[PDB]
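Presented as structure tokens, the chain that follows is alone, the form deposited without adenosine-5'-diphosphate (ADP).
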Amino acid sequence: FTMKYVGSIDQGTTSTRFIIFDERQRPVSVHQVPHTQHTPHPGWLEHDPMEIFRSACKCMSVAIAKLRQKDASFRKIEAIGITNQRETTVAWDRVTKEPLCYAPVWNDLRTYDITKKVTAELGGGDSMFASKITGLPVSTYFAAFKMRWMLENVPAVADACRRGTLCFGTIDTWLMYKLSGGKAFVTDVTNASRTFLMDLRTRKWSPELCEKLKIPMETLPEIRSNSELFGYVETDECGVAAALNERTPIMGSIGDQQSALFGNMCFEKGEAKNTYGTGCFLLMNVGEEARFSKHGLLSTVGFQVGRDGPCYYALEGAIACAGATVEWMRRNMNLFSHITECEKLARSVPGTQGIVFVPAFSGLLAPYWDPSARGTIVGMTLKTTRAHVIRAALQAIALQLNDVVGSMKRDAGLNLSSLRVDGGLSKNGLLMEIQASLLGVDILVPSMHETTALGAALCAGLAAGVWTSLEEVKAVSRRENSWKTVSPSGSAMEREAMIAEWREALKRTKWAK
């Protein structure tokens, strides 16, 4: 019974880390390295793919080092998961093993005038036109638009196609490729599905869509599950393979948001988490039937455990400025100086005293897709103070989520047990209370929070049998890390007055252009 250990690579927008979990699911070591946010033109965003990979190996080496420092018996990791910023796409070569250019990030917008062709070239005015296939609108986010953009504006990537030695990949792809010497060229259900080249139901590609967008079906990797065997660690980029001490295999691979959904044990249909990062991504499970949703939300793979195990689907809602809005209030306005002042301030007033702050800075997402919407405040007086506005922004996140949650039905299919949340903005009490009160369900806040990292640790743990059922994984999490909880509270008339205000404020947000 020894002590098994499992490794997760949390490869985020901003930074990369490694965590080693042990068999009780406790994070026993960690190390983080950031990478550069390249912004060559306004609203463009770009990552150096070698920066990342290297972040990834340094992260593993040091974390290990720290672990054997404090448990000198530690000799190996059973396996290693990979969770990652979805959509972000990397262009590289099968002979130089190297990237032909930087990677345009999930929220980069260089594909704006490619998305406007696609939706007219083949969409005829409908961007939903292929949304029964992909699960997705034509948008600037999804890999394929970025994919092509390269082929059209990058001499070196254009060349690659000319010789059919080009390799397109999301970060699970690019990271399993280099981590594996150069020998695994695989993606997964989740990351594929953000491609815009994958079929939701079939769970394999679409030569239809591939060639329709001028994208060779040969440059793509081989799709696979989230919890199987992907390859082995055969590189020594920061003495990583030496550090690892044994033949160590890559067995997990999963999108960061789905990952978080796994790490919060949203296994049953109707179960949901919200990640309150810079944005918010709300995901709900919907069983093995891929719900679509008129409403503008996204149909997406929740996850599949092993080669053809039961493949669960999900729906998806984002708000773009959540944690961003708090940092904005602090840095750009100078509404408060120190993190906790935010919450202590919001608490210091009864309520918004009539004001509404729609923090719609980079647009309005979710059930209302309004790109023209900008940050608006309404109904101020000389009574209004920063507290009221900090409070108001908090509400506004909660009202959007509330608008998202209800939007996850109509046809539908189902209720909401509760909401496991994790964010760092979930550290904030009041926001939780208010949101609990609005949706009217319990809100679970796990003290052991790296439930995103964890997701990829489970996928690899299972597919190497450190745990052997989901039942066990649930058995463990219930036993080891306490799940602090926040019940609803407030009049049903309160709720509704907040919303009639909310819905009146939105009428006023439309602006850009």
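Residue indices: 1-based, along the sequence shown. Here the rigid core means the biggest group of C-alpha atoms that line up within 1.5 Å when the two forms are laid on top of each other.
What follows is about the form deposited with adenosine-5'-diphosphate (ADP) bound, which we do not show.
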Next item on the list: Could you confirm whether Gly423 comes within 4.5 Å of adenosine-5'-diphosphate (ADP) in the bound PDB entry, counting heavy atoms only?
Entry: yes
Next item on the list: Answer for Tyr312 alone: is it within 4.5 Å of adenosine-5'-diphosphate (ADP) in the bound PDB entry, judged on heavy atom distances?
Entry: no
Notebook entry, point to check: Closest heavy atom of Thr235 to adenosine-5'-diphosphate (ADP) in the bound PDB entry, within 4.5 Å or not?
Noted result: no
Notebook entry, point to check: Does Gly181 reach adenosine-5'-diphosphate (ADP) in the bound PDB entry, with heavy atoms at most 4.5 Å apart?
Noted result: no
Margin query: Taking 4.5 angstroms as the heavy atom distance cut-off, pick the stretch from 219-227, 424-432, 202-210, 89-97 that is near adenosine-5'-diphosphate (ADP) in the bound PDB entry.
Written below: 424-432
Check: Which one, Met333, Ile339, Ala156, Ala412, lies within 4.5 Å of adenosine-5'-diphosphate (ADP) in the bound PDB entry by heavy atoms?
Finding: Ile339
Check: What is the one choice in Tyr276, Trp149, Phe357, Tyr177 with a heavy atom within 4.5 Å of adenosine-5'-diphosphate (ADP) in the bound PDB entry?
Finding: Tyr276
Check: Pick from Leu244, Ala120, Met380, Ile133: whose Cα moves by 2 Å or more between this form and the one not shown, rigid core superposed?
Finding: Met380
Next item on the list: Compare the position of the CA of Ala318 between this form and the one not shown after a rigid core fit and state whether the shift reaches 2 Å.
Entry: no
Item checked: Core-aligned C-alpha movement of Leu229 between this form and the one not shown reaching 2 Å -> no
Check: Honestly, after the rigid core fit, is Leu335 moving at least 2 Å at Cα between this form and the one not shown?
Finding: yes
